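Taking it in order: structure first as structure tokens, then the write-up.
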Amino acid sequence: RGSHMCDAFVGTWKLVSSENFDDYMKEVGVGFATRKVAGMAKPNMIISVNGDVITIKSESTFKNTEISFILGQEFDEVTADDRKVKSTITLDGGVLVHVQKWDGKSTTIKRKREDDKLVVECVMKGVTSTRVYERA
Ligand SMILES: COc1ccc(S(=O)(=O)Nc2cccc(C(=O)O)c2F)c2ccccc12
């Protein structure tokens, strides 16, 4: 199989900046202690593609997580803050768009390549957080 546009996300990434993440987590409903510990973490994100399957791993002192998925196909996800959600991830004009649904709520996580960075924009209702990753 040949190259895919989504190969631009493949690699090992490290968190270098975070804005408004505590307020985003508050809007999602994350409790005090999890917010405090999760907000300290500086995760590494490892993204790989094998055929139609994309795998995103996150390693940190807070939690280690791994999801594998096919674009447009819903899957079960237990998030780092221990929500059990239904997730669907699609590609929209170069942007990975990840929607998590649970308990009648939903949040959208967008991942995009910007210069040499991977920029993650998390939205819950009117509250947005921006997390920026660089190559490890
Ligand atoms: C480090 O603590 C966390 C990690 C991951 C998630 S998440 O799995 O639900 N989605 C998500 C949200 C924000 C940033 C990223 C990112 O990529 O940096 C992300 F993937 C969390 C959700 C709530 C509270 C803490 C979370």
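Whatever order the structure lists them in is the order used to number ligands and atoms, beginning at 1. Each residue takes its place number in the sequence, starting with 1. Keep in mind that the numbers below use all heavy atoms, side chains included, and drop hydrogens, waters and symmetry copies.
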Which protein non-hydrogen atom lies closest to [atom], naming both residue and atom, and how far is it?
{"atom": "atom 5 (C) of ligand 1", "value": "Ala80 CB, 3.9 Å"}
{"atom": "atom 1 (C) of ligand 1", "value": "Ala38 O, 4.0 Å"}
{"atom": "atom 10 (N) of ligand 1", "value": "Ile109 CD1, 3.5 Å"}
{"atom": "atom 22 (C) of ligand 1", "value": "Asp81 OD1, 3.3 Å"}

Exercise. Answer whether the closest heavy-atom distance between the side chains of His98 and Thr108 falls below 4.5 Å.
Key: no
Quiz item: Does any non-hydrogen side-chain atom of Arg83 lie less than 4.5 Å from one of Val28?
Solution: yes
Practice problem: Spell out, as yes or no, whether a donor-acceptor pair under 3.5 Å connects the side chain of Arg113 to the backbone of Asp115. | Solution: yes
Exercise. To the nearest 0.5 Å, tell me how far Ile47 CD1 sits from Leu118 CG.
Key: 5.0 Å
Practice problem: Would you mind finding which of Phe21, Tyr133, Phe62, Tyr24 brings a heavy atom closest to atom 25 (C) of ligand 1? | Solution: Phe21
Quiz prompt | Heavy-atom nearest option to atom 19 (C) of ligand 1, drawn from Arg111, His98, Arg35 | solution = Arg111
So, are [X] and [Y] salt-bridged, with charged N and O less than 4.0 Å apart?
{"X": "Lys84", "Y": "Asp82", "value": "yes"}
{"X": "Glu121", "Y": "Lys112", "value": "yes"}
{"X": "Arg135", "Y": "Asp116", "value": "no"}

Practice problem: May I ask whether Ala41 places a heavy atom under 4.0 Å from ligand 1? | Solution: no
Quiz item: Is there a heavy atom in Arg83 that sits closer than 4.0 Å to ligand 1?
Solution: yes
What are the atoms of ligand 1, with element, lying closer than 4.0 Å to any heavy atom of [X]?
{"X": "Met25", "answer": "24 (C), 25 (C)"}
{"X": "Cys122", "answer": "12 (C), 13 (C), 14 (C)"}
{"X": "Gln100", "answer": "8 (O), 9 (O)"}

Quiz prompt | Parallel, tilted or perpendicular: ring planes of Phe69 versus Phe75, cut at 30 and 60 degrees | solution = parallel
Exercise. Could you tell me whether some N/O pair between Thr79 and ligand 1 is separated by less than 3.5 angstrom?
Key: no
